[PDB]
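To begin, one chain is listed below as structure tokens, in the form deposited without its partner chain.
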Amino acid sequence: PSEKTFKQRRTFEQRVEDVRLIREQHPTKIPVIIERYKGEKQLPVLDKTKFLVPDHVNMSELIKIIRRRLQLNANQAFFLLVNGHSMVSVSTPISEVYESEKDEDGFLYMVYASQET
């Protein structure tokens, strides 16, 4: 097992350089880190945590992709918290979410949990 998050496993400079390369090789993708909330207990762990998401995909669509990857029941509660906090618009394309919520290192960080607060 690894206890470390992506940010704790890669230096700031390594992450900035990852984003630059992804930017040049995938100009219409947003680089997103999706991790399980640090003490989450109902939801399983995702197999992978690092994704490229097409600019046009909105949060509603991303949520349903991740839920399906987690093999969740339709009724199970799930929230995807961007840059620390519940997103109010779910129609917004992720390219625009990125503009308001991207980290200083250039990644977009999300955590998933069974509740919003």
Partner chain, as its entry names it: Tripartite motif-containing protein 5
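Residue numbers count along the first chain shown, from 1.
What comes next is about the form deposited with its partner chain bound, which does not appear here.
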Review point. Would residue 103 count as a contact of its partner chain in the bound PDB entry, using a 4.5 angstroms cut-off between non-hydrogen atoms?
Key: no
Point to revise | residue 33: touches its partner chain in the bound PDB entry, heavy atom cutoff 4.5 angstroms | key: yes
Review point. Looking in the bound PDB entry, any heavy atom of residue 48 within 4.5 Å of its partner chain?
Key: yes
Check your understanding: residue 68: heavy atom within 4.5 Å of its partner chain in the bound PDB entry?
Key -> yes
Point to revise | Contacts with its partner chain in the bound PDB entry, stretch 16-35 (heavy atom within 4.5 Å) | key: 18, 21, 22, 24, 25, 26, 29, 31, 32, 33
